[PDB]
């Protein structure tokens with residue numbers, strides 16, 4: 001963890017761990 | 001989008017913070 005490869009569910013869960021209950025504005029390579 | 005970094009190369013919490021609400 002902390003510095004690693006991350007994809008799909010693992011990247012979504014890492015974003016929820018980093019951002020907390022506020023979540024993320026990102027969408028998985030959809031326009032962003 | 002950060003999937004095109006994290007999924008094939010390395011990324012980190014400081015780079016995930018850039019996408020937080």
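Here are the numbers for the structure shown:
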item: Principal semi-axes in Å for the protein assembly as shown [√(5λ), Cα gyration tensor, largest first]; result: 15, 13, 9
item: Pairwise label distance in nanometres, residue B:21 with residue A:25, each label 7 Å out on the Cα-Cβ vector; result: 1.1
item: Nitroxide proxy distance, nm - points 7 Å out along Cα→Cβ at residue B:8 and residue A:2; result: 2.8
item: For chain A and chain B, distance of Cα centres in Å; result: 7
item: Order of A:26, A:16, B:14 - criterion: other Cβ atoms within 10 Å of each residue's Cβ, fewest first; result: B:14, A:16, A:26
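Every residue, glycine as well, gets a Cβ built from its backbone with ideal geometry; the counts of neighbours run over all protein chains shown. Bear in mind that the values in this text are calculations on the coordinates, not laboratory data.
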